[PDB]
Each structure stands twice: as structure tokens, then as C-alpha cells.
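Since the structure comes first, as C-alpha cells, the remarks are kept for the end.
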Amino acid sequence: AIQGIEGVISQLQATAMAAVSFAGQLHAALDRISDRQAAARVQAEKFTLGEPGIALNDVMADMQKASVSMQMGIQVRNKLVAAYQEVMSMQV
Amino acid sequence: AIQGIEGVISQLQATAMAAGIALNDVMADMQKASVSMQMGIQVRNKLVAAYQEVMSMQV
Amino acid sequence: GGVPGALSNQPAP
Amino acid sequence: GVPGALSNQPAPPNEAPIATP
Amino acid sequence: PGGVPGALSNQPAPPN
Amino acid sequence: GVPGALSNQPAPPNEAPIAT
Amino acid sequence: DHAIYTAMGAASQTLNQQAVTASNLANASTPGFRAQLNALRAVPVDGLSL
Amino acid sequence: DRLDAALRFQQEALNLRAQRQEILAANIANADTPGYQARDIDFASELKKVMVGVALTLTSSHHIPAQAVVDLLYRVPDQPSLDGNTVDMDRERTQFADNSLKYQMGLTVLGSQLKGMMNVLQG
Amino acid sequence: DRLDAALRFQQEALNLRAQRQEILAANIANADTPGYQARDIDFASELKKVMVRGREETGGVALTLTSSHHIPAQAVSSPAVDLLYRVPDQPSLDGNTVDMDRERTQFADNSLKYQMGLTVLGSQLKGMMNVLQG
Amino acid sequence: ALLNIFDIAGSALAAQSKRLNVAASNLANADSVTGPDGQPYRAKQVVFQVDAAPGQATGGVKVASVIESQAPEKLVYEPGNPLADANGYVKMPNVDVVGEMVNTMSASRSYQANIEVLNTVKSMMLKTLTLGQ
Amino acid sequence: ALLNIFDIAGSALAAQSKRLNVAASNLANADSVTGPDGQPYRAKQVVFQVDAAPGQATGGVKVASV
Amino acid sequence: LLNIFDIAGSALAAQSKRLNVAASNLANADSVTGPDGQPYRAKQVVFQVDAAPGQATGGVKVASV
């Protein structure tokens with residue numbers, strides 16, 4: 001927005017005068033896990049395509065690693081949900 | 001720190017007077033944090049229950 | 001690299 | 001071209017005459 | 001320093 | 001040393017010559 | 001796992017000895033020929049422990 | 001459905017492998033027919049074609065829904081036979097074994113994807 | 001502190017089990033490489049050593065990333081364990097001492113002992129959630 | 001640190017696959033006489049090294065380079081074949097068939113052992129993920 | 001298409017089959033006086049080349065011509 | 001049952017050693033000389049009980065060749 005760019009220049013002036021988070025970390029972990037899974041899937045599709053240079057060994061090992069990473073994410077989600085339920089059960 | 005070295009010399013005077021990460025680590029610390037959080041929740045619940053029992057009195 | 005693996009798709013594409 | 005490739009055309013009939021026609 | 005595995009390095013090599 | 005035990009010193013390079 | 005290599009060496013050297021014998025037999029009519037002797041030498045591998 | 005889009009590629013690859021397996025076994029079975037041409041499909045191009053329809057409209061209950069209802073490439077002959085049969089044993093035996101292996105690999109990959117989607121849900 | 005100290009022995013034993021299995025897998029991978037002496041560690045002595053003095057690494061240094069656009073990179077890193085040589089059983093011309101029977105027996109034994117460590121640690125952690133839960 | 005076993009065993013599997021491929025290529029060309037350049041086929045072999053960067057204690061295995069096998073070229077007396085020597089000595093590859101068959105068997109067995117290592121490691125990783133639950 | 005080992009070994013099988021066919025055809029025509037045109041039968045030979053798809057690394061066997 | 005692992009591993013090592021000795025002997029059925037010029041004398045392994053701290057029952061160790 002024009003007013004949005006005004007706000008950007010205002011924050012730049014703020015930085016001039018003056019002279020990441022848990023949700024961010026969880027988003028980063030989800031992005032990393034999804035990127036690994038997509039990479040393994042893409043390599044598997046490339047091997048199924050018949051394109052040269054892709055070895056079945058690498059495909060199978062990468063699928064294995066992607067499965068392990070997915071399971072790790074599932075466990076982290078399970079605990080995190082359990083901890084949230086425990087906190088919300090506190091009587092004030 | 002300068003104040004940190006002051007504290008070190010103070011503890012020496014006290015002695016005078018007296019005379020990447022793997023799943024194995026990730027899971028263990030994750031469990032330890034869950035346990036500590038549960039302990040804190042239970043202790044606070046006990047304290048709050050005791051306080052409310054005291055304040056629900058009749059004088 | 002120079003040698004493709006035995007379990008790789010025909011180098012000849 | 002190479003024996004064992006894929007083509008959209010059937011191979012010609014395999015005739016083997018005994019005498020020159 | 002590794003070397004060639006299998007047949008070549010398990011057959012009696014020439015002296016020099 | 002007993003085979004299968006652990007020692008801090010590596011085994012010497014073994015050779016099988018044809019003529020002494 | 002390494003007895004296979006001992007047996008493979010024995011078989012390959014048997015092939016070499018057979019090649020020598022066949023080369024000798026091919027020259028049964030060669031004028032003034034001297035046959036090549038063949039002998040299997042045993043090489044003991046040094047090392048540890050037995 | 002989004003679930004179809006995730007599993008579309010592996011299902012189409014598995015179906016194409018089964019069809020090519022049938023074609024190769026037909027080539028093996030008709031090895032002795034004089035004048036039979038050995039046919040095959042180009043797996044990659046047909047997989048592109050399948051990966052890359054209009055159900056007729058049903059106004060009421062009585063209206064009947066729409067009723068639903070690959071290209072074969074000749075193999076280049078290697079040796080000229082006298083009876084016109086161009087089926088070669090060795091080539092198609094190797095292709096048959098390879099297609100069996102790839103069908104098993106596709107089954108493995110599809111099963112792994114379904115099992116992952118399942119353990120995401122189990123709880 | 002108290003909970004960390006109570007669960008520290010089994011946790012460290014399980015980490016040392018993981019490192020020993022990494023070493024054994026490296027020995028199995030290099031089983032056909034000519035001129036590779038098999039490596040292994042003394043589990044008990046190294047476990048007590050890690051117990052008394054905390055875990056340490058040879059290097060494990062890495063480029064610092066002050067900004068959010070710095071390219072992250074780490075150099076080689078490995079534990080501070082003493083990699084000892086295994087006594088060979090019988091000689092070999094290529095010159096490796098990886099005897100496959102020994103490797104696979106140690107692999108299976110380490111596998112079961114790691115599962116035992118997991119069982120003990122999980123039992124202790126449940127044995128604690130049982131107390132806390134209410 | 002059980003994740004490093006994935007890298008170690010994957011590198012070992014790739015190296016053994018390359019070794020088996022090279023052995024099979026040598027075996028399939030034991031009877032060859034000509035190459036793409038007209039040169040006789042030279043038997044080739046891989047070189048195995050420890051896949052350890054400077055400062056790394058123990059790693060997997062890696063294929064450094066593919067080298068021509070050191071053996072006399074098999075001389076055949078056929079001075080009628082269009083390819084020949086000055087004295088009709090056709091040069092044929094120095095492939096030792098028994099060695100190649102034993103190499104193929106050894107590569108297959110080592111490959112299967114590494115697969116077992118990977119399988120049991122993944123099982124342990126899952127069990128570790130089920131630590132407290 | 002084929003896995004590398006499959007292609008190499010199948011090419012080896014096909015090349016050996018071609019060589020065996022040439023040998024059998026020669027053994028059949030050992031006493032032939034004329035062909036279909038009026039020229040003597042000439043013994044056929046098969047030439048093995050290495051089908052080095054990559055640069056000098058590996059490859060199966062191909063047969064250029066008889 | 002870890003002592004059973006010790007027992008089984010020792011016995012696997014002993015039987016592998018016997019197999020290797022037998023293979024080396026079979027290779028040298030027709031050998032006429034060694035490196036020093038002495039004849040090849042056939043090798044035989046000696047099995048002995050490995051029960052040093054385990055009373056009279058234990059694994060098998062190859063005492064000598």
C-alpha cells in the first residue's frame with residue numbers, strides 16, 4: 001500500500017534513531033520435514049521415469065530417511081499436544 | 001565480568017572462612033522437559049488449592 | 001561420477 | 001535403429017528365396 | 001590407503 | 001594378544017611373498 | 001569370508017597350469033622343442049594371530 | 001480430491017507396469033506364432049500421457065449417470081527368422097524381469113506413502 | 001539437577017551405545033576395503049570416563065552466523081572416544097582385520113544392549129510420570 | 001548418533017553397486033576384440049577408500065577412481081581377422097573370469113549385509129522415537 | 001529403461017546368441033556349392049565392440065555388423 | 001544370555017578357522033614348494049574349551065595351528 005510504504009520508511013527511521021520464535025521454529029521444522037519428503041518423492045518419480053543416473057539405492061535410502069523424519073514430526077506433535085492439554089487442565 | 005571476578009574472590013573468602021544432535025539426545029531432553037513441566041503444574045495446583053482452602057474459611 | 005551404479009537406470013537415455 | 005529399440009513401423013516380411021528371381 | 005577390493009588384492013602379487 | 005580382544009597398537013602390515 | 005579368495009586363487013592358477021599344459025601339447029610336432037615345466041608354489045600369508 | 005493427486009503418479013506407474021507386463025507376457029506366449037510381431041510400449045511417454053472426463057449431468061433420480069468405456073510400438077528385430085517371428089527370447093526375458101522388479105518397487109513406494117498417511121492419522 | 005543426575009547414567013550409556021554402533025557399522029561397511037584395520041572401543045572404560053568428565057569432541061568448530069543471510073557450514077567433528085584396534089583372527093593378503101563373524105556378533109549384542117537401555121530409560125521416565133500424574 | 005549409519009551404509013551400498021557393475025562389465029566383454037576407438041577392451045577395476053574427510057575418525061567407503069587392471073593382454077594368433085597386429089597378434093582383454101565371478105558374489109554378499117544394517121538401524125530409530133510413550 | 005546391470009548382461013546374452021547363430025549358420029553351410037545367386041558361401045564373422053555409453057567407464061557388448 | 005553370545009561367537013570363529021585351514025589344505029594338494037624351498041606341510045587346527053572362568057563348560061577356542 002502507499003500507506004504501507006509510508007510505514008516501512010517510518011520503521012526505517014525508527015531503526016536509524018535506535019542505532020526466531022517458538023512458532024517460527026515449529027514452522028521451520030515443518031518446512032524442513034516437508035522439503036525432505038518432497039525431495040525423496042521427486043527422486044522416486046525421477047527413477048520411475050527412467051531418467052539416467054538415479055540409483056535405486058539412493059531412492060530407497062531417501063525414502064527411509066523421509067519416513068523416519070515424518071515419524072519424528074508425529075512424535076513431536078503428539079507430545080506438544082499432550083503438554084498443551086496438561087497446561088490447559090490447570091485450575092486457576 | 002568485573003563484578004563476576006568480585007564474586008569469585010568473595011567465594012574464595014567464603015572457602016577460607018569455611019576451612020549434530022541425535023534422536024537419543026532430542027528425545028531425552030524432550031521427556032525431561034515434559035516431566036519438569038508436569039512437576040511444576042502439580043506443585044502449583046497444590047499451592048493454589050491450599051490457598052483457596054485458606055481463603056474459603058469463615059473466620 | 002564416471003562410473004554409474006549397477007542399480008541405476010541405463011546411462012544411455 | 002539399435003536391435004531392441006522401439007519403432008512405429010512393423011518389420012518387413014522375412015522372405016528367403018531358394019533361387020534368384 | 002585402500003586399494004582395489006576383491007580378486008586383484010587377494011591374489012599373490014608380483015614381487016616388485 | 002588374544003584374538004578378538006582390544007589393543008591400542010595397530011597390527012603390522014602383513015605380506016605373503018613368493019620367494020624369500 | 002576370505003577362504004573364497006584362497007579357493008579362487010587355486011582355481012585361477014589351475015587354469016594357468018592348464019594353459020601351460022595345452023600350450024605344451026599344441027607343440028607336439030614343433031621341431032626341436034623344449035616343454036615348459038609347471039609347479040604350484042604355496043605362498044603362506046604372514047600376520048596374526050593364527 | 002487432494003488424496004488422488006498425491007497418489008496419482010504411483011497408481012498410474014503401477015497400472016502402466018502391469019499393462020506392459022501383460023504385453024511382454026503376450027510376446028513370450030506368442031513366440032512360436034509365425035508372422036507375429038513383437039509389440040511393446042514406451043513407458044515414459046505413456047506415463048506422461050496418462051499423468052497429463054466430463055460426467056454427464058444427472059437432473060433427477062431416474063436419469064442414468066454417464067457410462068465409462070495406450071499405443072503399441074513394434075520392437076526392432078535383431079535376428080531374421082524364416083517364419084517371420086521377430087520375438088527374441090533374451091531381450092524380452094530381461095525386460096520381463098525388469099518390469100517385475102519395477103512393479104515391486106512401485107508397490108513398495110505406494111505402500112510406504114499410504115502407511116505414512118496412516119501413521120499421521122493414528123492416535 | 002536431581003532429575004538430570006538420576007537419568008544421566010543410562011542416557012550416557014545409550015549415547016555410547018549409539019556411537020559404538022556407528023563404529024561397528026563403519027567396520028562392516030569397510031569389510032572389503034584392502035588395508036583397513038577394524039576399530040572398536042572399550043565400552044566400560046569410556047563410559048566411566050564420560051561419566052566423570054563430560055562428553056567432548058575433537059573439533060566440531062563451525063562458521064559463525066551473525067546475520068540471517070550468512071551461509072551455514074561446519075567442519076569435521078567426532079567424539080573424544082579412544083578408537084582401539086581389534087586383534088585380527090587370521091591373516092589376509094589384502095590387509096584388513098575385519099572378521100565378519102566378530103563384526104556381526106558385536107553388532108547384534110550392541111543392538112540388544114541399546115534396546116535394553118531404551119527399555120530402562122523409558123521405564124524410569126514412566127516410573128516418574130506415574131508419580132507426577134494426578 | 002545413529003543417523004550417521006544411514007550415510008555410512010548408503011555409501012557402502014553405492015560403492016558395492018559400482019564394484020558389481022564394473023565386474024559385470026568386465027565379464028560381459030571377456031570376448032570383445034574392439035572398443036569404440038578401435039583399442040582393445042582393457043579390464044577395469046574400482047578403488048575403495050575410507051570416505052573420511054581430514055579429521056574424521058571412521059566413515060563408510062567411497063570409490064576413488066576406476067583403473068585399468070594390470071595384466072598382460074591376451075594374445076591370439078588370428079592373422080585373418082581384419083583387426084590384427086604386425087605379426088597377426090590380436091589383443092584380447094585380460095579378464096580373469098573366475099576372479100570376476102568371485103567379485104560379483106562378494107559384492108552381492110556385502111551389499112546384502114549393508115541392507116541388513118540399514119534395516120535394523122531404522123527399526124532402532126523407530127524404537128527410540130517410542131522412548132517414553 | 002533397463003537397470004544398468006540388466007542392460008549389460010542382456011546385451012551380453014544377445015551378443016553370445018548372435019555369435020552362436022553365426023557359428024551354426026557356418027556349420028550348416030560347410031558343404032554348400034552355390035547360394036541363391038551363383039556365388040559361393042562366405043564364412044561369416046561377428047565383431048564384438050564395447051558399448052561404452054559413458055566415457056571409458058563401463059558398458060555392455062554390441063555387434064556392429066556381420 | 002550374553003555369555004551365550006560369547007559362546008556362539010567363539011564357536012563361529014573356531015569353525016571359520018577350521019574351514020579356512022581346510023580350504024588352504026585343499027588348495028595345496030599338489031603344491032611342490034614354498035617360499036623357503038620346504039614342502040608344504042598340511043595344517044590342522046586344535047580346538048580347546050574356552051571355559052577359563054566358566055567351570056568345565058564354555059566356548060571353543062583354537063589353541064594352535
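Numbering starts fresh at 1 for the residues of each chain in the C-alpha cells, the chains themselves are lettered A, B, ... in the order given, and ligands are numbered from 1 as they appear.
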
Report task. Just the residues within 8 Å of residue F:4, please, counting only C-alpha atoms, with nothing from its chain fewer than 5 positions along; format it as a list in words. Result ->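 Counting only the stated atoms, we get residues 86, 87, 88, 89 and 102 of chain I.
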
Given the selection you just returned, output its residues as a file containing N, CA and C atoms, formatted as a PDB file, in the first residue's frame.
ATOM      1  N   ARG I  86      41.181 -53.789  16.871  1.00  0.00           N
ATOM      2  CA  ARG I  86      40.825 -55.152  17.226  1.00  0.00           C
ATOM      3  C   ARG I  86      41.924 -56.112  16.790  1.00  0.00           C
ATOM      4  N   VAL I  87      42.207 -57.101  17.633  1.00  0.00           N
ATOM      5  CA  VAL I  87      43.232 -58.091  17.287  1.00  0.00           C
ATOM      6  C   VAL I  87      42.714 -58.968  16.153  1.00  0.00           C
ATOM      7  N   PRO I  88      43.447 -59.107  15.049  1.00  0.00           N
ATOM      8  CA  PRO I  88      42.971 -59.956  13.950  1.00  0.00           C
ATOM      9  C   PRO I  88      42.943 -61.422  14.358  1.00  0.00           C
ATOM     10  N   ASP I  89      42.062 -62.177  13.705  1.00  0.00           N
ATOM     11  CA  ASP I  89      41.948 -63.603  13.978  1.00  0.00           C
ATOM     12  C   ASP I  89      42.916 -64.387  13.104  1.00  0.00           C
ATOM     13  N   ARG I 102      32.959 -61.753  13.967  1.00  0.00           N
ATOM     14  CA  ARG I 102      33.112 -60.858  15.106  1.00  0.00           C
ATOM     15  C   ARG I 102      32.268 -59.603  14.925  1.00  0.00           C
TER      16      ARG I 102
END

Please, which residues in chain K fall within 12 Å of chain D when counting only C-alpha atoms, and what is the closest atom pair and distance in Å to one decimal for each, ordered by chain then residue number, as CSV?
residue,atom,partner,partner_atom,distance
K:1,CA,D:5,CA,10.8
K:2,CA,D:4,CA,11.6
K:7,CA,D:4,CA,10.9
K:10,CA,D:4,CA,10.6
K:11,CA,D:4,CA,9.8
K:14,CA,D:3,CA,9.6
K:15,CA,D:3,CA,10.8
K:18,CA,D:3,CA,11.5
K:34,CA,D:19,CA,10.1
K:35,CA,D:19,CA,8.0
K:36,CA,D:19,CA,4.6
K:37,CA,D:20,CA,5.4
K:38,CA,D:20,CA,8.6
K:39,CA,D:20,CA,11.3
K:51,CA,D:2,CA,11.5
K:62,CA,D:2,CA,9.3
K:63,CA,D:3,CA,9.6
K:64,CA,D:2,CA,9.6
K:65,CA,D:2,CA,11.3

Report task. Return as JSON, numbers by chain the residues belonging to chain A that are within 10 Å of chain J, counting only C-alpha atoms. Result -> {"A": [55, 56, 57, 58, 60, 61, 62, 64, 65, 67, 68, 71, 72, 73, 74, 75, 76, 78, 79]}

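The spacing separating atom CA of residue A:69 from atom CA of residue A:21 amounts to 21.8 Å.
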
Query raised in the report: Hey, what does DSSP flag as helix (DSSP H, G or I) within chain L? Can you give it to me as a list in words?
Result: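 Helix (DSSP H, G or I) assignments inside chain L correspond to residues 2, 3, 4, 5, 6, 7, 8, 9, 10, 11, 12, 13, 14, 15, 16, 17, 18, 19, 20, 21, 22, 23, 24, 25, 26 and 27 of chain L.
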
Keeping only C-alpha atoms, write the selected residues to a file as a compact mmCIF listing (two decimals), in the first residue's frame.
# COMPACT_ATOMS: atom_id res chain seq x y z
CA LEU L 2 25.25 -62.64 26.85
CA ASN L 3 27.62 -65.47 27.75
CA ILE L 4 25.69 -67.39 25.10
CA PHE L 5 26.69 -64.65 22.67
CA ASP L 6 30.31 -65.11 23.72
CA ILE L 7 29.98 -68.89 23.28
CA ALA L 8 28.37 -68.65 19.85
CA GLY L 9 30.83 -66.04 18.61
CA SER L 10 33.84 -68.04 19.78
CA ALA L 11 32.43 -71.16 18.13
CA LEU L 12 31.75 -69.30 14.88
CA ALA L 13 35.35 -68.07 14.91
CA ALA L 14 36.65 -71.59 15.57
CA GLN L 15 34.61 -73.17 12.77
CA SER L 16 35.60 -70.40 10.36
CA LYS L 17 39.25 -71.04 11.24
CA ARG L 18 38.81 -74.76 10.60
CA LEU L 19 37.12 -74.04 7.26
CA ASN L 20 39.96 -71.70 6.25
CA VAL L 21 42.56 -74.32 7.19
CA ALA L 22 40.71 -76.95 5.14
CA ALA L 23 40.43 -74.62 2.14
CA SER L 24 44.14 -73.79 2.30
CA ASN L 25 44.96 -77.50 2.50
CA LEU L 26 42.73 -78.28 -0.49
CA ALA L 27 44.40 -75.52 -2.50

Report task. Please provide as a list in words all residues within 9 Å of residue C:5, with the sequence filter that same-chain residues fewer than 2 positions apart are discarded (counting only C-alpha atoms). Result ->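 In the requested format, the answer is residues 53, 54 and 55 of chain A; 3, 7, 8 and 9 of chain C; 14, 15, 16, 17, 18, 19, 20, 21 and 22 of chain J; 4 and 5 of chain K.
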
Query raised in the report: In Å to one decimal, how far is atom CA of residue H:28 from atom CA of residue K:49?
Result: 28.5 Å

**Report entry** Atomic separation - atom CA of residue H:15 relative to atom CA of residue H:49, Å
**Finding:**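 Calculated distance between atom CA of residue H:49 and atom CA of residue H:15 is 13.1 Å.
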
Query - Nearby residues (only C-alpha atoms) at most 8 Å from stretch 24-38 of chain B, same-chain spacing under 5 positions excluded, as a list in words - result: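 In the requested format, the answer is residues 83 and 86 of chain A; 3, 4, 11, 14, 15, 125, 128, 129, 132 and 133 of chain I; 1, 128, 129, 131 and 132 of chain J.
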
**Report entry** Selected residue of minimal separation from chain E among I:95, I:79, I:60, I:54, counting only C-alpha atoms
**Finding:** I:95

Can you check which parts of chain A lie within 10 Å of stretch 40-47 of chain H? Per residue, the shortest pair of atoms and distance in Å to one decimal, counting only C-alpha atoms, sorted by chain and number, as a Markdown table.
| residue | atom | partner | partner_atom | distance |
| --- | --- | --- | --- | --- |
| A:48 | CA | H:44 | CA | 8.5 |
| A:49 | CA | H:44 | CA | 5.7 |
| A:50 | CA | H:44 | CA | 6.9 |
| A:51 | CA | H:44 | CA | 9.1 |

File of the preceding selection, N, CA, C and O atoms, as a tab-separated table (two decimals), in the first residue's frame:
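As a result, selection-v6.tsv now contains:
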chain	number	residue	atom	x	y	z
A	48	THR	N	11.38	-43.74	-11.36
A	48	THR	CA	10.29	-44.42	-12.05
A	48	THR	C	10.14	-43.94	-13.48
A	48	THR	O	9.63	-44.67	-14.33
A	49	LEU	N	10.60	-42.72	-13.77
A	49	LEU	CA	10.54	-42.15	-15.10
A	49	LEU	C	11.51	-42.79	-16.07
A	49	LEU	O	11.27	-42.77	-17.28
A	50	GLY	N	12.60	-43.36	-15.57
A	50	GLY	CA	13.62	-43.93	-16.42
A	50	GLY	C	14.79	-43.03	-16.72
A	50	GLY	O	15.63	-43.38	-17.56
A	51	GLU	N	14.88	-41.87	-16.08
A	51	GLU	CA	15.97	-40.94	-16.36
A	51	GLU	C	17.29	-41.49	-15.83
A	51	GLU	O	17.32	-42.05	-14.73

With the cut-off set at 8 Å and counting only C-alpha atoms, tabulate each residue of chain H with an atom at most that distance from an atom of chain A, showing the nearest atom pair and its distance in Å to one decimal, ordered by chain and increasing number, as a Markdown table.
| residue | atom | partner | partner_atom | distance |
| --- | --- | --- | --- | --- |
| H:9 | CA | A:45 | CA | 7.8 |
| H:13 | CA | A:48 | CA | 7.5 |
| H:43 | CA | A:49 | CA | 7.9 |
| H:44 | CA | A:49 | CA | 5.7 |
| H:47 | CA | A:49 | CA | 8.0 |
| H:102 | CA | A:48 | CA | 7.8 |
| H:106 | CA | A:48 | CA | 8.0 |
| H:116 | CA | A:67 | CA | 7.0 |
| H:119 | CA | A:71 | CA | 7.9 |
| H:120 | CA | A:74 | CA | 6.4 |

Query - Close residues, residue E:7 itself excluded, 10 Å, only C-alpha atoms, min 5 positions apart in chain, as a list in words - result: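 Once the adjacent positions are removed, what remains is residues 12 of chain E; 4, 5, 6, 8 and 9 of chain G; 94 of chain I; 45, 96, 98, 99, 100, 101, 102, 103 and 106 of chain J.
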
Requested in this report: Starting from chain I, keep only residues with some atom at most 7 Å from an atom of chain E, counting only C-alpha atoms, and report them as a ChimeraX atom specification.
Outcome: /I:32-35,93-94
